[PDB]
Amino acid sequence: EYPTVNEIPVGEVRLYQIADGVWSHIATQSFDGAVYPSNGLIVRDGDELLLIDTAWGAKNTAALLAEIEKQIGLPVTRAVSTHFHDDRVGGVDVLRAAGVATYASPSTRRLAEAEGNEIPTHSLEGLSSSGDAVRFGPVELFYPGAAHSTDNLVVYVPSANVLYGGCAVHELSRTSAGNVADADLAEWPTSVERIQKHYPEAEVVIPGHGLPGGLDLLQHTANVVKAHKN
């Protein structure tokens, strides 16, 4: 019963319960001639909520805040964008206007600024080298190395063993390597194995786009990325 694009009308958001106090969020957007779904995370942070990633644009993001208040009813206080593309930072201006403090690595902030994308307000220290990990309330943030982008982060919720892979991780039904315009195809395989090694206890794995799975998504991602390289 995971929401798909055919079930989501233009500008609307669905929420999907992943575990106690962990939801994904799902919306759709026009991109490169097609309609794409994409995912984000919501994690209970004591009496508040922590948001991971926008819902891909200002409209979608506004709809996301309203859907949260309707379904959950605890305030969104902080948001983390896991890389610089619009499916992760587009809507940051709406979040800021809503009283949400926005965060990203310095590398993500640099790259977003240079692209003309929206720019999270605050810098996350402690993530600049591959294998670096920091706590951020109810989650761990991990920089596995360049892959889908050079700045890509992954997120682990240790209380639920949920691994959120963002666009560095592909869903099973994806056969290509996605948008590789800003990708490091050479390094991706190493970054993926670094994720496998750091999170062997993961039960749910959520890709940047499409259906959740388990640890198999990481091996699938490795395969798909190799297939592209010839």
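All residue numbers refer to positions in the sequence shown, first residue = 1.
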*If you average the Cα B factors in the entry, which is higher, 188-196 or 45-53?*
188-196
*asked:* Averaging CA B factors per stretch from the PDB record, which one is higher: 17-25 or 217-225?
replied: 217-225
*If you compare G137, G116, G99, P144, which has the highest Cα B-factor in the entry?*
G116
*In terms of CA temperature factor as recorded, identify the highest of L163, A58, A177, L65.*
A177
_Ranked against its chain, the third holding the CA B-factor of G40_ = lowest
*By the record's CA B-factor, is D87 among the lowest, middle or highest third of residues in the chain?*
lowest
*Ordered by C-alpha B-factor within the chain, which third holds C167? Give me lowest, middle or highest, please.*
lowest
*Cα B factor band for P207 (lowest, middle or highest third within the chain)*: lowest
_Record-listed C-alpha B factor of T77: chain third_ = lowest
